[PDB]
Each structure stands twice: as C-alpha cells, then as structure tokens.
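Laid out below as structure tokens are two forms of one and the same protein chain, each shown alone and named structure 1 and structure 2.
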Structure 1
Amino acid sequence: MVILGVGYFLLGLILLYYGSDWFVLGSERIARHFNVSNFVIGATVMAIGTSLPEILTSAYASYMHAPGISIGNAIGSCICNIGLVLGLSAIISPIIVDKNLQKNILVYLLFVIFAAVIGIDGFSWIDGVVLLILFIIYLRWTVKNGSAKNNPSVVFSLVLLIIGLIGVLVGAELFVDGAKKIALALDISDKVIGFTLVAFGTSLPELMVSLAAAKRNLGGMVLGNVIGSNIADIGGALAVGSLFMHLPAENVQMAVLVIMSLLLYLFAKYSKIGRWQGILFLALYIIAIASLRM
C-alpha cells in the first residue's frame, strides 16, 4: 500500500502514454494495409478494444445486481467521449469532415435517438438484444463503405496494435488500482470517490489514444474512435447489462447525450470540428460534471 500506489499509479501512466501511441500507430498501418480510412479503423478495432472496460464493467455490475452502475457508466462514457475526449482533440487538431463520414455520423445520431426513446421506461433485456444487433450492423456497414504471405510490415503493425492495446488497458488498470490503493492507505476513501475512478477509468483508453492520434493530426481516427466507442457503449456495454437485469431509466443524461450528439452532427455537416467547437464540448462537459449525477 501507499508506496505500491505511487508505483502503480505512474507506471500505469507510462503504459498509457506509450501504449496509446503504439496502438494509434499500429492502427494507422493496419488501416493502410486493409485499404480503409482512419475513421473506419477507429470506429471498429480501436473503439471496441478501448470499450472493453465498459463492457466488462457493465456486465459485472448488472450481474452483481447494481444495474444503476451499468447504465451510469455506459452513458457517462458516451458523454465523456464527446465532451472531454473529442473536445480536447478538436482543439489540438481541427477536423473538416468529408461528405462520406457525415453519413456515418448521422447514422450514429439516429442510433442514439433510438436508444434514448426505448430507454425512457428503462432497458429490458430485449432492448439490449435490439441495440446489440444494430451495433453489429453498424460495424459492417461502416467497414464496407470504407473498404476497397508473411509480410513483415503487417506483422509489425499487428504487434504495435496489440501491445499498444495491452499497454493502455493494463495501464488504465494500474492507474485505477494505484489510485484506489493510495486513497485507502491515506484513509480518504469514499465509494463514489469510488465509482468515480472507473467511470473515468474506462474512458482513459479512449482519452489517451485519441490524444495520441490528435498529436499526429489523425482527426478521422479520433472522430471514428469517439463515434465507435459510444456505439460500443450503448449497443455493447449497456446491452450486455440489460441481459442480466433491467436497467433503470437515465432520461436526464440521455437527453444530454442526444444534445451533444446532435451538436456533433451539425458541426460535422455545415461547419468544422476545431478550436471553438472543441471549447464548447469541454464547457458542456464541465457543466455536466458540475450539474449531473448517477
């Protein structure tokens, strides 16, 4: 304790920093290998790999019969990806969305609006089955319109990707396990200074990765990672949670998510996603974490 905490906390940070860059660089090479856009590889492989925390957290929480945590973490992640993650990235590297990716973003918007409507009375296991299938359909529709021996260039790409993903997922855990151990060693522990850490802990992979890609001017990869993770949270994390137990209705946050998603579409179609658009997202996020709950 106390001293393994500092060790775990910053070592996890080291793995998050370098792991994100490796995961980003590895994905960018894979995308060029399979002849797909950076958006696509971010909306799929990267998004799912980074949304694995939410999925396993929602499943565990719902099964341990705390479905409030399940949906709370899922929607809290979506809001965080648009407000915080996309907010920081847009400022770092402004994005002018092409006419093709606007179509993917509008589809994302419809998916989110649909989730919000069927979630008013909560999320039944049937609701989850529906969202999970749309999730699969989205992944395939996204890959198709972005598509078309022992190559050492491909192998090196896959290693960077996998080691990078391991780096950010383990790194997010050490960060999480390190901060938790510090608080208890210092007796300052509360347990929504409890489910504060993993709500943010699950979003650390998306954050660092998108920051990494933003440093390399990969706006498409960042945007894809944001869109994909959110869908992977609703159609993936939220869905699995409903399979174990009915999820309580979070209508306030859904409205917030719908509003942020609507804005994201509008900016992508008629404007750009740069400095002042990113500033708005951050402000909304800061208001959200200053006014919301659960």
Structure 2
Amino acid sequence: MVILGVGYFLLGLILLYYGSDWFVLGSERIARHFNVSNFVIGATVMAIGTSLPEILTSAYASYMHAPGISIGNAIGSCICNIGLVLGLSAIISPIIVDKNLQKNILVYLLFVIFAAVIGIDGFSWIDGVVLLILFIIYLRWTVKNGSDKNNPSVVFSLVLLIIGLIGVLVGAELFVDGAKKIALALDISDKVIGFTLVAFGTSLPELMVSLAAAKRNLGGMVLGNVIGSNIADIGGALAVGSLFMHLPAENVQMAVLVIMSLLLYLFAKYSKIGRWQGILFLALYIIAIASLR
C-alpha cells in the first residue's frame, strides 16, 4: 500500500489541478451570464463550493461531541484563507480592488468583528441562528447589489462548474487518502496527523481554486473567494456547529483574524494586495501557526 498511496496522491493532484481550472472558467462564464462581477460569483457560488468541506467538518465534529475542534477548525480556516491562500495568490497576481467592491469588504470586516464580540463568552445556539441569518442576508445582498431558455453556452458553463467542483472535492479526498497511506508506510502513526492532514484536505479545494484564479489574473475572483469563504466559515460552519453544542471561546484567533481582516480592508482601499502585502500575510501566518503552539 505504497505505490497505491502515490497512485492516489498523484491522481488527486491531477483532479485538483484541472478541476480547479474548470471550476474557475465555469464560474467566470456564469458571472458573465448572470451579469455580475468576478468578485460576486466568487463570494457566493465559488465560496460555498469550496467551503462545504469546512461546514460539514464543523457540524459533524460538534455532533460527535468535539466542539473545540468545530470552532478551532472554523476560525483556523479564515486565517488560512487570508494568510496562506490570499498571501500566495497575491504574490502570483497582485490584486487591485475596484471601488464598488469596497462596500462589500467593509461589510466583511464588520461581520468578523461582530463574530469576535459575541464570541467572547463563547458561542450559543442563539449566536448561531443570528450569524446563520446574517450569512443569508449577506448572500442575497452581494448578488443583488452587483447585478436563457435553451442556451448551449450556459450549459457548458455549468458543466465546467459542476465537473470542476466534483474534480477538486474528489481530488482532495484522494490526496488525503494517498498521503495517509504514505505516512503510514513512513512510520507516522500519530493521531494529530489524522487531523492535520485532513484539516489541510478541507482547505485544499479552496487553496487550489484560488491559485487557479490567481494564475489567470482574476484578482477580484480570488478576493471574493477569500471573503466569501471566511463568512461561510463563520456565518455557516461556525454557526451550524453551534446548534449542536456550545462552542468554546478563542479570543486569540479571533483577534488575529480581525487584524488580518483589518489589514485586508486597508490594503484593498488605499493600496493593493500585491506581492509585498502577500509576503506580509504569509509572514503573519507563520508567526501565528508557530506562536499558537
């Protein structure tokens, strides 16, 4: 079970490589038909596509009585998205943000701040419902604010979007499956490896898709996907997980997240999310994962 591990591994990379590229092309075309910006389609359709493994993970974790995991993995992804994902994407393709996109980003900053404030004592099922509503309020607002019978072109767009999404979701669980077989053959029979490599497996569709878009200089789409995913992780993953059990409090991760969200706001308004900014986001990401033990 070693060449099978590599076989699963390399196959996963193939389904993640092309899958994310099709998911981006499908999304870009869909945005053109629904007559919305690359940002809007990234903060809604794309976000929910890549943020689904994060919602299902949190909800299940809190279901089987592991709440500290459900929240720790919920916020840890938001930081991973601004730190690793956005950071890497900005180095590849610097992001100049439009002026109609900043109202959206400001809303994101406030929503994160709102989550941090009510998340000091912890997270009730009350907080969950509140945040769950705000999520939907955000979605219908993002689509509306920035805005057919038998069309062969639209169909092709949906094929790219659906096959592309199936590709990255399958490729991610082939990535993990293969890496686990390799790790086992390597001597790593520890248990945090069975949550570290899987936590990375949930952020893997998000990382790949954002990189695929970054390669095609879709800075707006990249930004939308980061913004949308974090809200889907907080307004959705963090919220749904709180319906089962009372999630604990992490006022050090939330603090860091607000900082990275604040920096994102300032960069996407008075400057840009370019290469040096991305380096900083990466720097803040590595002085975090090391200083948070």
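The first residue in the sequence of structure 1 is number 1, and each one after it adds one. We call the rigid core whatever largest set of C-alpha positions still superposes within 1.5 Å between the two forms.
- Among the residues 185, 88, 113, 107, the single one whose Cα moves by at least 2 Å between structure 1 and structure 2, once the core is superposed, is 185.
- The shift recorded for the CA atom of residue 198 between structure 1 and structure 2 is 2.2 Å, with superposition on the rigid core.
- After superposition on the rigid core, the Cα atom of residue 8 is displaced by 1.7 Å between structure 1 and structure 2.
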